[PDB]
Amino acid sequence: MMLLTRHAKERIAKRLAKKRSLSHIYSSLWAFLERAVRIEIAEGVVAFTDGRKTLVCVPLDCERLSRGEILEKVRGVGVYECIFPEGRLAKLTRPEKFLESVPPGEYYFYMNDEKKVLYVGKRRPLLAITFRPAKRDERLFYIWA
């Protein structure tokens, strides 16, 4: 349910056993999110914590669209990092090709030409600015969730 900044990718990748590939980094993120809880922690800031680490995120401007509408949006778009959480897909490829793996349906859609990134998913995407050890109040929230 998120895209990773360069910084968050590096912090996640530092703890990996396998090689530091895009797919392995996102797989580690997805495993973390399975055990983490969400905190609406400040204006424009969402934290996800498992009581040991915390992913700090900011909202992204996205739009709910049908797959067909998304296909129109991505006409002629070049190679992007494309993320589809429900398919466990994080791939450097062209969006039109990527969308062959996305079944018809309504999805939150985000694309950014400066960062060359695309997200399609059922949950609204956030952008993770860092991944770091959890602070005391985040740990307390986790314990009492």
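Each residue number is its position in the shown sequence, starting from 1.
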{"property": "Higher-B stretch (mean Cα B-factor, as the entry records it), 60-68 or 47-55", "result": "60-68"}
{"property": "Mean Cα B-factor comparison, 31-39 or 74-82, giving the higher one as deposited", "result": "74-82"}
{"property": "Largest Cα B-factor, entry values, listed residues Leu126, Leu16, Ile129, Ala134", "result": "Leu16"}
{"property": "Chain-wide C-alpha B factor ranking for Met1, given as lowest, middle or highest third", "result": "highest"}
{"property": "Where the record places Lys9 (Cα B-factor, split into thirds across the chain)", "result": "lowest"}
